[PDB]
DNA sequence: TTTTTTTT
Ligand SMILES: Nc1ncnc2c1ncn2[C@@H]1O[C@H](COP(=O)(O)OP(=O)(O)OP(=O)(O)O)[C@@H](O)[C@H]1O
Ligand SMILES: Nc1ncnc2c1ncn2[C@@H]1O[C@H](COP(=O)(O)OP(=O)(O)OP(=O)(O)O)[C@@H](O)[C@H]1O
Ligand SMILES: Nc1ncnc2c1ncn2[C@@H]1O[C@H](COP(=O)(O)OP(=O)(O)OP(=O)(O)O)[C@@H](O)[C@H]1O
Ligand SMILES: Nc1ncnc2c1ncn2[C@@H]1O[C@H](COP(=O)(O)OP(=O)(O)OP(=O)(O)O)[C@@H](O)[C@H]1O
Ligand SMILES: Nc1ncnc2c1ncn2[C@@H]1O[C@H](COP(=O)(O)OP(=O)(O)OP(=O)(O)O)[C@@H](O)[C@H]1O
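Here you go:
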């Protein structure tokens with residue numbers, strides 16, 4: 266009798282697991298009899314309780330194997346290969362669809378009866394977030410389209426505002442929605458090339474709080490970020506491929522992803538501002554501050570930064586046809602649930618409440 | 266007949282051996298006759314005497330294997346896998362339960378029939394610790410709670426006071442209770458960027474004495490930390506995930522852990538000052554150090570900076586319900602032992618000798 | 266038939282051999298017929314003549330094997346594994362008496378009927394040696410106690426003094442007496458990461474003649490060595506475990522060994538002086554030079570370097586009660602032997618020759 | 266009927282071969298019929314023609330093997346193992362006694378019937394070398410004795426003086442006589458760690474023309490060598506065992522070899538000067554150049570660089586009693602052979618020609 | 266049946282195949298039937314068409330193997346091993362004769378009826394080369410004999426001249442003539458250690474265009490070359506075996522080859538100046554320039570750089586007597602071909618054209 | 001995995 270390396274490879278695929286120890290550990294759990302498994306009876310972790318019965322017989326014989334890490338390494342290679350194929354063949358449209366489908370799957374758990382989350386608290390987050398900018402959901406939808414099209418030159422958005430104007434909050438939320446990375450170009454010009462290597466194969470990137478010079482008039486400390494950027498023109502426009510470092514390893518060539526730039530109100534050289542479409546800017550607004558102060562479970566649960574919160578806002582506001590055709594079925598049922606759960610006047614209470622700067626969950 | 270790899274792996278799981286060499290050495294000890302194993306008869310180490318008879322026959326065959334380290338490598342992977350699994354499938358509350366459970370196991374054996382320390386020495390330790398700062402047990406319990414929740418921004422406590430004021434001393438014990446690491450930022454900014462990654466997968470972190478700049482106002486050596494820290498604000502508040510830098514080494518996207526700052530009395534820009542939940546002051550105390558020299562077994566045995574002394578201190582003050590709900594069983598069992606073995610009056614005598622700074626024992 | 270890996274492993278354990286090439290060479294000597302072995306006949310090395318007969322058969326078959334280095338690798342692992350086990354489970358006393366026993370055993374040879382060197386020379390060495398300092402025997406008792414008791418922060422000693430003050434010599438004797446290890450420091454801190462690997466599982470370590478800074482006014486060459494060590498405060502203080510590198514292997518984490526450091530009389534930072542129990546001066550008591558120049562066998566034989574000279578010094582001065590109990594009869598036995606070979610007059614005659622800087626003997 | 270790994274190992278021992286590729290290359294040559302082997306018939310180099318006919322049988326089957334490099338590695342391991350066992354257990358006198366036996370064997374071939382060079386040209390070279398320094402052969406005898414005794418901190422000789430004074434020349438012949446390695450320390454320290462790795466198990470080292478600083482006043486180009494070397498006091502002193510690198514090898518711990526430093530006359534800091542027991546001040550000597558110009562065969566055959574020449578000098582000059590007793594039988598024959606083949610009057614005539622600066626011969 | 270590893274090794278041997286990928290690719294070409302092989306039928310490369318039909322069947326079986334890279338590894342190591350053997354066992358003269366066989370083989374193909382070299386153009390090259398310095402043929406012969414003798418500290422020639430004086434041109438031809446490699450010492454001192462690695466087992470080296478300092482007096486850019494090279498003084502002298510390394514290889518110890526240094530008019534330190542046996546001063550010359558314009562087939566076919574051009578010059582100018590006895594017969598045949606093909610007046614007309622600054626042809 | 005590169 267023999268271990269089926271195939272069945273392990275299935276488990277790795279179905280779970281999208283790609284750490285050889287994470288895989289090895291979880292498969293070994295299945296050696297004990299599913300018949301009595303506490304995690305199963307407690308319906309505790311889906312990547313366990315969905316699977317324990319299926320894999321039981323193979324996991325038992327795997328537990329005797331003299332070869333365990335070799336099997337897991339071949340299984341891990343299979344999952345990395347799948348990512349590699351997808352990265353080079355898929356449309357950007359499909360990638361976002363995949364990313365969206367995964368978030369909806371995790372929301373099925375969070376707000377399922379087994380789940381711990383409260384949909385009303387998360388919806389309170391959407392109201393506060395929606396209030397942050399006029400026509401927030403149109404801003405979000407425009408931004409998403411822009412990333413999916415990745416049209417050259419028309420690729421980069423600028424976020425301006427004072428400290429605590431929320432730009433870092435929203436950037437993080439978008440980055441959690443789409444997937445991507447942040448970068449810090451305030452560095453001197455030697456470190457920069459290794460720094461930029463981070464972007465390789467990412468869907469999206471973000472430039473955090475760049476520093477100009479002479480803004481210390483406005484008490485904004487000087488730095489070189491702008492002067493670095495104003496010499497990175499060819500990366501921003503995305504019109505032609507560039508070579509990206511990574512430490513020790515060889516250079517690789519691709520188009521530098523689209524992205525977002527964030528700053529306090531330093532002066533922007535006219536050369537650089539031409540690189541941006543659609544400069545958004547942010548004020549402070551005392552009532553949002555007072556509201557957070559009276560509904561701190563938002564922050565304490567990290568709701569306001571979540572990609573899940575943005576997805577909920579899109580479902581609440583956008584027409585179904587705006588979603589990619591595959592997920593439209595899941596979109597319909599989530600609209601259905603949300604319509605069933607919040608009658609609109611509930612949401613009007615929440616919005617009106619935030620406008621009064623009182624605690625959104627009155 | 267041939268070695269059971271499974272039995273070796275059970276022993277590794279049961280004894281939580283991380284190290285291939287440590288595993289190999291101990292398992293080879295079992296090859297001699299259990300039926301007169303003198304180490305067992307001397308009841309020296311549980312890791313041997315609790316297992317030798319059970320593992321004996323397999324250990325005999327193990328000695329003749331041509332392949333020994335390969336068996337041990339796979340067994341060690343099994344233990345490391347269990348860590349990685351738990352590290353992604355638990356509440357912070359569960360982790361503390363496990364941490365405390367294990368320490369209590371050590372107290373059980375250490376103060377057992379093997380009786381290898383006098384509890385009173387630790388109680389003098391507890392008494393010394395408790396007199397350091399008002400309601401010292403509450404300080405532990407509330408800082409502890411604070412670290413369990415990891416609520417954003419409500420995350421950093423400042424410890425301040427002169428040289429040799431015990432701030433370093435306290436943290437070392439407390440960090441040993443919980444698990445985590447120290448850090449330094451008295452650094453030109455590059456060297457900050459090579460520290461950061463030691464925080465990876467750390468439950469908690471601590472800043473060693475921060476050199477502020479311009480310290481020579483106190484005649485303190487100036488160093489870089491104060492401005493660096495304000496220029497690190499988000500790592501404090503733990504609002505949004507990041508990835509962190511050792512030299513070279515790996516990271517996985519996570520929030521920067523909560524923590525503690527320790528300080529000789531440099532200034533703070535109220536920007537950085539606003540980042541904190543608490544200030545707590547320190548000094549040497551002169552009767553107390555004249556007690557230490559009169560009480561030196563405390564320091565010889567290091568108990569003064571054992572987290573065990575904190576665990577014991579908590580058990581003396583806090584009520585059973587205030588504890589991890591299953592382990593509450595063990596809590597009463599130890600409260601029974603402690604309250605039986607020690608009246609409040611004997612504690613008051615120690616506490617009084619502590620108060621005099623005379624050697625705690627009389 | 267086939268090689269027994271067991272018998273090779275026994276030889277490695279029994280010799281406590283440590284290097285895989287050394288073992289391979291050592292064992293292959295046994296392949297020749299025992300009956301005529303010249304090394305056996307003329308009793309040159311215990312490591313050979315004790316064993317050739319016992320291992321001849323297995324050595325003959327070993328000499329043919331196509332796997333010889335693999336066999337030796339497993340054996341070397343077995344010796345290393347025992348070291349690792351003992352490093353955790355033993356008391357610092359138990360370790361120290363193990364060390365002393367091997368010295369006693371060697372002396373049973375070196376003054377046995379073979380007795381390959383003449384105890385008078387060694388005692389003359391011991392004379393020059395105790396004559397180096399006030400209370401030298403008591404000073405070493407204080408040192409040894411300190412190293413067993415292994416207290417944090419109060420953990421290391423400093424030697425200071427001119428070129429040829431002898432400080433390095435005394436360290437080398439204490440290093441051998443304990444069986445510690447020695448570490449360079451005058452290097453960049455990346456390279457350090459693997460030198461420190463030698464400190465894994467050692468009773469003790471030493472650092473040497475560290476290049477200070479600003480020394481040039483005295484011709485004293487400044488260097489990175491001092492400033493590098495400014496960082497390493499936990500390693501010195503022994504406040505918590507640190508992980509250490511080892512090559513083609515796991516890293517491992519433990520408290521860093523206690524130790525000492527020596528210097529010629531550089532500057533010292535006020536922050537680091539804070540972390541040594543004891544600082545010791547050394548001087549050109551030039552008449553000692555005059556003697557040794559004229560007593561050269563002591564130096565040629567490295568007698569005044571030998572840890573044996575200190576073990577002899579200890580056997581002379583200290584009461585058997587001051588020794589660890591288990592060996593105490595061996596102390597009597599050797600004490601008697603020296604009394605049966607010497608008297609305080611004889612020592613004091615030699616002592617006075619050293620005091621006179623005249624050749625030790627008349 | 267497969268390859269005998271034993272016979273391959275035996276050949277490697279006989280030849281004293283370390284490089285696995287050199288071993289592989291030479292052993293393959295034996296695959297063809299020795300019966301006609303031109304390298305045999307022309308008796309070209311002895312490491313072939315002595316051994317070919319014996320090994321041919323096994324060399325044929327070796328040539329078909331699929332494991333070839335693996336077999337050669339094990340044989341190379343055996344040679345390296347032998348060097349390490351000898352390094353620990355022989356007296357330094359024995360090492361040199363064995364070394365002299367090898368050179369004497371080569372002199373049997375050099376001046377045999379194969380007779381590739383005549384004894385008079387080397388004896389002319391001896392006269393040239395003895396003319397270089399006052400009491401040359403006495404200096405040779407002193408140096409050997411110093412290296413054999415290996416007295417700690419009295420281990421190093423400094424060769425100093427202007428360019429083309431001959432210090433490189435003299436160092437070269439000693440290095441051949443004793444066997445050892447050259448090292449260059451002028452390179453940056455971070456590279457240097459692996460340079461010293463070559464010194465493992467070596468008898469002797471020579472550091473070549475390290476560069477100082479400040480002698481630019483005379484145009485001596487400045488460099489790092491002195492400062493690098495001054496980090497290495499320990500390695501010079503031989504007081505204590507130190508740790509040595511190799512690529513992909515863990516550190517070896519041993520005492521670092523003694524030997525020679527050459528310099529054009531930069532200044533030596535006191536701390537470094539203190540570590541040289543002797544210094545020799547070479548000087549340019551016009552008539553040598555005019556002799557050399559008319560004695561070209563010396564340089565072409567590299568005669569004055571051979572340890573062979575120094576051995577011939579010692580045999581001409583020293584009492585038989587100074588040689589280690591085992592060799593003295595051979596010394597008698599070489600003394601006889603020399604006195605047979607040369608008058609003293611010829612040697613006197615030669616040294617006169619040298620003294621005149623003329624071509625050595627008339 | 267099974268792959269014959271011996272036959273692949275024979276192919277590698279007979280093609281001198283140093284690179285494992287190049288070997289693999291070419292051997293796999295043979296798996297198709299030679300009977301139709303277009304590379305054979307169009308006689309495109311001799312290292313294919315000579316061998317295809319012989320190796321065919323073993324190529325077909327090799328094409329199925331699962332070990333293909335391992336077989337190529339073994340074959341390539343024997344090619345490397347044979348060079349390693351030859352490096353030690355040949356005389357420098359006999360090496361040079363082997364190299365001349367190899368160039369003379371290539372010349373049989375080049376100037377063959379097959380192939381395309383019109384020897385008229387190459388003889389024009391000899392004319393232009395013979396103009397560059399007085400007594401050109403004597404200069405080349407003197408260099409060759411110097412390289413054979415390899416006299417210690419008389420090993421290096423220095424080429425000085427204005428930029429554009431043919432100095433790298435002449436070096437290029439010598440390097441091909443002798444075999445050997447070019448090095449760049451102007452690198453930063455860190456990289457330099459791996460640079461010198463390529464010298465291993467090479468016969469000759471050239472240092473291109475070393476920058477001095479202060480030559481900005483002529484607008485020579487300054488750089489490190491001269492400083493670095495004087496740190497390598499030991500390597501030039503060639504008396505003793507230096508240590509060399511390549512990436513991931515442990516060091517090899519050998520005598521560093523002789524060679525040429527090229528530079529513009531920088532000042533050169535006395536120490537480094539003393540290492541050169543001969544200096545040659547190149548200069549711009551208008552007639553060569555004006556000739557070369559009207560003679561550009563020389564440059565377009567690189568005749569002026571080729572070692573083949575120098576060989577033709579030697580064959581023209583030097584007696585049969587000066588070659589070694591093995592090649593002398595083949596030299597006579599080439600002398601016969603040249604004298605038949607040309608005549609003095611034809612050649613003299615070329616030199617006359619060049620000196621007149623005409624195109625070489627009229 | 002070390003090593004090389006990074007890091008110095
Ligand atoms: N309208 C607002 N008025 C006042 N405070 C606000 C407002 N919106 C958000 N904040 C506060 O700002 C805090 C910090 O948010 P965030 O880091 O995203 O801002 P930011 O503008 O990007 O800041 P910075 O430039 O300092 O990084 C939030 O946690 C919230 O408490
Ligand atoms: N309150 C106290 N009473 C008695 N002794 C104390 C007290 N505080 C500290 N000391 C002594 O000083 C030692 C050093 O304490 P610690 O390193 O924690 O102080 P620190 O304030 O962090 O010092 P520094 O700022 O100088 O680094 C303690 O371990 C203890 O021996
Ligand atoms: N009292 C003394 N007077 C003179 N010389 C002494 C004295 N004590 C020791 N020495 C000499 O010191 C020499 C070297 O000893 P050692 O290396 O231990 O000294 P050190 O002070 O550590 O020197 P360094 O700092 O140079 O390494 C010995 O050979 C010995 O002869
Ligand atoms: N004392 C001398 N007088 C004259 N010529 C000498 C003398 N010694 C050496 N020579 C000549 O100088 C050449 C180089 O000698 P050598 O390399 O030994 O000198 P060095 O002083 O060590 O030089 P450097 O410091 O430059 O390396 C010898 O080959 C010989 O031709
Ligand atoms: N003496 C000369 N006078 C004028 N042009 C020449 C001369 N020699 C060669 N040239 C032409 O110009 C170039 C100059 O020579 P070369 O290419 O060898 O450059 P270099 O300046 O002498 O060398 P390097 O770049 O190594 O310092 C040649 O390639 C050739 O085309």
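Residue numbers (full-length UniProt numbering), protein chains in the order written: chain P, 266 to 627; chain B, 266 to 627; chain S, 266 to 627; chain L, 266 to 627; chain H, 266 to 627. Positions of the beta carbon are idealized from the N, C-alpha and C atoms, including for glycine.
Practice prompt. Within the same chain, show all residues whose beta-carbon is closer than 6 Å to that of residue 592/H, passing over the 5 residues directly before and after it, in chain order.
Written response: In chain order, 362 and 365 place their CB closer than 6 Å to the CB of residue 592/H, counting only its own chain and leaving out the 5 sequence neighbours on each side.
Worksheet item: Since residue 350/L is in the alpha helix (DSSP H), which residue starts that stretch and which ends it?
Response: Residue range 333 to 354 is occupied by the alpha helix (DSSP H) that includes residue 350/L.
Discussion item. For a test of your reading of the model: does the CB of residue 550/L fall under 7 Å from any non-hydrogen atom of ligand 4? Yes or no.
Written reply: Checking the 7 Å criterion, the Cβ of residue 550/L is within range of a heavy atom belonging to ligand 4.
Item to complete: Could you please tell me which residues of the region 456 to 477 of chain B, in chain order, have their CB closer than 9 Å to any CB of chain S?
Response: Residues of the region 456 to 477 of chain B with a C-beta less than 9 Å from any C-beta of chain S: 473, listed in chain order.
Discussion item. My parser needs the alpha helix (DSSP H) runs of 4 or more residues fully inside the region 501 to 584 of chain P; what are they?
Written reply: Qualifying alpha helix (DSSP H) stretches, in chain order: 535 to 538, 551 to 558, 562 to 565 and 572 to 582.
Worksheet item: Mind checking residue 504/B: buried by the 16 CB within 10 Å criterion, or exposed?
Response: Burial check for residue 504/B: the Cβ neighbour count within 10 Å reaches 16 or more, so the residue is buried.
Worksheet item: For chain L, is any of its Cβ atoms less than 8 Å away from the one on residue 428/S?
Response: Under the 8 Å criterion on CB atoms, residue 428/S is classed as interfacial with respect to chain L.
Worksheet item: Apart from the five residues just before and just after residue 573/L, which ones in its own chain have a Cβ nearer than 8 Å to its Cβ?
Response: Closer than 8 Å at Cβ, skipping near neighbours: 368, 371, 372, 375, 387 and 441.
Discussion item. Taking 7 Å as the cut-off, is the C-beta of residue 534/S nearer than that to any heavy atom in ligand 2?
Written reply: Distances taken from the Cβ of residue 534/S to the heavy atoms of ligand 2 include none shorter than 7 Å.
Discussion item. Going by C-alpha to C-alpha distance, which of 451/S, 462/S and 494/S sits closest to residue 494/L?
Written reply: Comparing Cα positions, the closest option is 451/S.
Practice prompt. Give a yes or no on contact between the region 554 to 573 of chain H and the region 607 to 624 of chain H, applying the rule of three or more CB pairs nearer than 8 Å.
Written response: Because the criterion of three Cβ pairs below 8 Å is met, the region 554 to 573 of chain H and the region 607 to 624 of chain H touch.
Worksheet entry | Inter-residue Cα distance where the pair is residue 274/P and residue 326/P | Each residue's Cα considered, the two are about 15 Å apart.
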